[PDB]
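A.B. asks: Mind looking over this structure? Questions follow.
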Amino acid sequence: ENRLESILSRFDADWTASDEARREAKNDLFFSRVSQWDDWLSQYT
Amino acid sequence: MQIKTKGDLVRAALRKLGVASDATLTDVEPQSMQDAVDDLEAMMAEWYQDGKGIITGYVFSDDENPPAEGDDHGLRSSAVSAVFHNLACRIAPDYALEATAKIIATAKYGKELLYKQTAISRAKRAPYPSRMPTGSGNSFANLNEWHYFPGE
Amino acid sequence: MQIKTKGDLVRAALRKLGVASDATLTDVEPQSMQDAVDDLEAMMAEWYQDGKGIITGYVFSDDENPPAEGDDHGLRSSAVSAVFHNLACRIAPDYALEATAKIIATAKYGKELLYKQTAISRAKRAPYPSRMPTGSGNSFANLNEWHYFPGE
Amino acid sequence: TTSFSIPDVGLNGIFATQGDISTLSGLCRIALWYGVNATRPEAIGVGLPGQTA
């Protein structure tokens, strides 16, 4: 019944649905635009 | 197994050498027996290089419980022959002896058989380098942003 | 270990040689003990080349203490056999003797085991040369202007 | 050395960095110089509640 609740329900559904292709697209952007050594999760000493 | 103490190992070694046994009319002194037990302790300690050598299950005696002889050696049933053949080879020179070829061969075979399983255990492959990608066929990792292998 | 002192090492060496043991009814001659202890100290100082040789934990007796014999050698439990086998080899010519093949083989094996862990520790790789870049993949360094490795 | 704006409050300090002679290291220093002056103590006040006992 809440305007904000319905809006956020729609947004959450769309975000979760598009979460995969979006991740791949941002990875492509970073790879081709910032640096191709995208290893921020690997702990090197 | 009828060999259940350090002195039992030493007695087996002396019998193998032919110096002293249960059938001989002459026997070795208790001081020589304690010396042989010291030799056995030294040899096993040099094998087990503080955990980076031959792992056998041997238990090193402590000064609080006085006689090192009388303590169970703790070896598994398959290490006794190797241990006491190597002990015979080691303590032969005290009695102006030289271990026979069969004793030397059985010592070599026993030591190698002792280390076989530990060698198999330590034959371990290193993890991938930190600079190696995980590929894209690893869909889960590449969705979770694990583009490169952890490493270490 | 029952071999806690330099004299214990020396007695073990003489027993290995078959000069003064209980298997042969001979007492350690007090003239032989001092010569063997001096040979042990010389050989240990030779091995430990002021820190750049074999590290064993042996403790060199100063001139202050009256008895060079009676003091703990300070070795590890896995160095005793190597030390006293090498000592028997070294002091055998004192008596116009020759340590047997088993004793010589055990001396070689023991010295190698003494140096093994130190060899592993000293197997160190030198850093990158001062003229090697870091590569642009090292983003933090190449942003903060660390384009080259320092070296040394 | 660059400028460095302290947020919320209206103040500006310096942000200076310099690397080491070797060993691929550095040093950072964020500095700010100021002094708080009460020109009218008779106009500043204090309220102390529960001043019994």
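FYI, nothing fancy with the structure tokens labels: chains A, B, ... in order, residues from 1 per chain, ligands from 1 as they appear.
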Taking only C-alpha atoms into account, report as a PDB file with N, CA and C atoms, in the first residue's frame which residues of chain C lie within 8 Å of chain D.

C.D. replies:
ATOM      1  N   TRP C 146      56.484   4.356  -8.245  1.00  0.00           N
ATOM      2  CA  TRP C 146      57.452   3.332  -7.888  1.00  0.00           C
ATOM      3  C   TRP C 146      57.655   2.413  -9.071  1.00  0.00           C
ATOM      4  N   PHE C 149      61.977  -1.428  -9.312  1.00  0.00           N
ATOM      5  CA  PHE C 149      62.331  -2.080  -8.068  1.00  0.00           C
ATOM      6  C   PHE C 149      63.594  -1.450  -7.482  1.00  0.00           C
ATOM      7  N   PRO C 150      63.745  -1.459  -6.154  1.00  0.00           N
ATOM      8  CA  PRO C 150      64.943  -0.840  -5.567  1.00  0.00           C
ATOM      9  C   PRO C 150      66.197  -1.677  -5.729  1.00  0.00           C
TER      10      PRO C 150
END

A.B. asks: Give me the residues of chain B that have any atom at most 8 Å from an atom of chain A; for each, the nearest atom pair and the distance in Å, rounded to one decimal. Use only C-alpha atoms, sort by chain and number, and format it as JSON lines.

C.D. replies:
{"residue": "B:130", "atom": "CA", "partner": "A:42", "partner_atom": "CA", "distance": 6.5}
{"residue": "B:143", "atom": "CA", "partner": "A:23", "partner_atom": "CA", "distance": 7.0}
{"residue": "B:145", "atom": "CA", "partner": "A:41", "partner_atom": "CA", "distance": 7.4}
{"residue": "B:146", "atom": "CA", "partner": "A:41", "partner_atom": "CA", "distance": 6.5}
{"residue": "B:147", "atom": "CA", "partner": "A:39", "partner_atom": "CA", "distance": 6.2}
{"residue": "B:148", "atom": "CA", "partner": "A:39", "partner_atom": "CA", "distance": 5.5}
{"residue": "B:149", "atom": "CA", "partner": "A:42", "partner_atom": "CA", "distance": 6.6}
{"residue": "B:150", "atom": "CA", "partner": "A:42", "partner_atom": "CA", "distance": 4.7}
{"residue": "B:151", "atom": "CA", "partner": "A:42", "partner_atom": "CA", "distance": 7.3}
{"residue": "B:152", "atom": "CA", "partner": "A:44", "partner_atom": "CA", "distance": 7.4}

A.B. asks: Counting only C-alpha atoms, what is within 12 Å of residue C:90, bar same-chain residues fewer than 4 positions away, as a VMD selection string?

C.D. replies: chain C and resid 10 13 to 14 17 35 to 44 83 to 86 94 to 99 103 to 104 107

A.B. asks: If you measure from atom CA of residue D:40 to atom CA of residue D:52, what distance in Å do you get, rounded to one decimal?

C.D. replies: 28.8 Å

A.B. asks: Please, which residues of stretch 9-144 of chain B, numbered as in this document, come out helix (DSSP H, G or I) from DSSP, as an MDAnalysis selection string?

C.D. replies: chainID B and resid 9:17 30:47 80:95 101:122 139:143

A.B. asks: Find the residues of chain C in contact range of chain B, meaning any atom within 8 Å when counting only C-alpha atoms, and list them as a list in words.

C.D. replies: residues 1, 2, 3, 15, 16, 17, 18, 21, 22, 23, 24, 77, 78, 79, 80, 81, 100, 102, 103, 110 and 113 of chain C

A.B. asks: Let me see the file: selected residues, N, CA, C and O atoms, as a tab-separated table (two decimals), in the first residue's frame.

C.D. replies:
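After the write, selection-v7.tsv holds the following:
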chain	number	residue	atom	x	y	z
C	1	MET	N	68.22	-36.70	26.50
C	1	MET	CA	69.34	-37.51	26.03
C	1	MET	C	70.32	-37.81	27.15
C	1	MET	O	70.53	-36.98	28.03
C	2	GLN	N	70.90	-39.00	27.12
C	2	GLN	CA	71.91	-39.37	28.11
C	2	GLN	C	73.29	-38.86	27.75
C	2	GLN	O	74.21	-39.00	28.56
C	3	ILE	N	73.46	-38.29	26.56
C	3	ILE	CA	74.70	-37.66	26.15
C	3	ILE	C	74.49	-36.15	26.30
C	3	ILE	O	74.01	-35.49	25.38
C	15	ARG	N	84.26	-45.22	22.55
C	15	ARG	CA	83.58	-46.51	22.46
C	15	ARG	C	83.35	-46.93	21.02
C	15	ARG	O	83.55	-48.09	20.67
C	16	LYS	N	82.93	-45.99	20.16
C	16	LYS	CA	82.81	-46.29	18.74
C	16	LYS	C	84.12	-46.82	18.19
C	16	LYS	O	84.14	-47.81	17.45
C	17	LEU	N	85.22	-46.17	18.56
C	17	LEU	CA	86.54	-46.61	18.11
C	17	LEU	C	86.97	-47.91	18.75
C	17	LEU	O	87.88	-48.57	18.25
C	18	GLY	N	86.34	-48.30	19.86
C	18	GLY	CA	86.77	-49.49	20.56
C	18	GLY	C	88.06	-49.31	21.33
C	18	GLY	O	88.87	-50.24	21.38
C	21	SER	N	85.83	-48.73	26.45
C	21	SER	CA	84.41	-49.01	26.54
C	21	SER	C	84.20	-50.02	27.65
C	21	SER	O	85.05	-50.22	28.52
C	22	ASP	N	83.02	-50.64	27.66
C	22	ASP	CA	82.74	-51.77	28.53
C	22	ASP	C	82.64	-53.09	27.79
C	22	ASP	O	82.86	-54.14	28.39
C	23	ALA	N	82.32	-53.05	26.49
C	23	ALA	CA	82.43	-54.25	25.67
C	23	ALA	C	83.86	-54.75	25.65
C	23	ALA	O	84.11	-55.96	25.52
C	24	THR	N	84.82	-53.84	25.75
C	24	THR	CA	86.21	-54.17	26.00
C	24	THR	C	86.59	-53.53	27.32
C	24	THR	O	86.35	-52.34	27.53
C	77	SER	N	69.19	-32.55	20.01
C	77	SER	CA	69.12	-34.00	20.17
C	77	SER	C	69.49	-34.75	18.90
C	77	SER	O	69.84	-35.92	18.97
C	78	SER	N	69.41	-34.10	17.74
C	78	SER	CA	69.68	-34.74	16.46
C	78	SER	C	71.09	-34.46	15.94
C	78	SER	O	71.40	-34.85	14.82
C	79	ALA	N	71.93	-33.80	16.72
C	79	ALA	CA	73.31	-33.54	16.32
C	79	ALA	C	74.32	-34.43	17.04
C	79	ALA	O	75.47	-34.50	16.60
C	80	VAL	N	73.91	-35.11	18.10
C	80	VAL	CA	74.85	-35.85	18.94
C	80	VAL	C	75.56	-36.93	18.13
C	80	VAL	O	76.78	-37.08	18.20
C	81	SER	N	74.79	-37.72	17.38
C	81	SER	CA	75.37	-38.84	16.65
C	81	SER	C	76.37	-38.35	15.61
C	81	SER	O	77.48	-38.89	15.49
C	100	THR	N	86.33	-47.50	11.01
C	100	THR	CA	85.88	-48.44	10.00
C	100	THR	C	84.87	-47.78	9.06
C	100	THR	O	84.42	-46.65	9.26
C	102	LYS	N	81.78	-48.25	8.33
C	102	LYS	CA	80.49	-47.83	8.86
C	102	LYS	C	80.60	-46.50	9.59
C	102	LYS	O	79.73	-45.64	9.45
C	103	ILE	N	81.67	-46.32	10.37
C	103	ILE	CA	81.84	-45.07	11.10
C	103	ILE	C	82.04	-43.91	10.14
C	103	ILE	O	81.48	-42.83	10.33
C	110	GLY	N	75.85	-37.91	8.90
C	110	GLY	CA	75.51	-37.01	9.98
C	110	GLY	C	75.86	-35.57	9.68
C	110	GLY	O	75.09	-34.66	10.00
C	113	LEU	N	73.28	-34.21	7.29
C	113	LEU	CA	72.04	-33.89	7.98
C	113	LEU	C	72.18	-32.66	8.85
C	113	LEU	O	71.21	-31.92	9.04

A.B. asks: Distance atom CA of residue B:73-atom CA of residue B:9, one decimal place?

C.D. replies: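 Result for atom CA of residue B:73 versus atom CA of residue B:9: 8.6 Å, one decimal.
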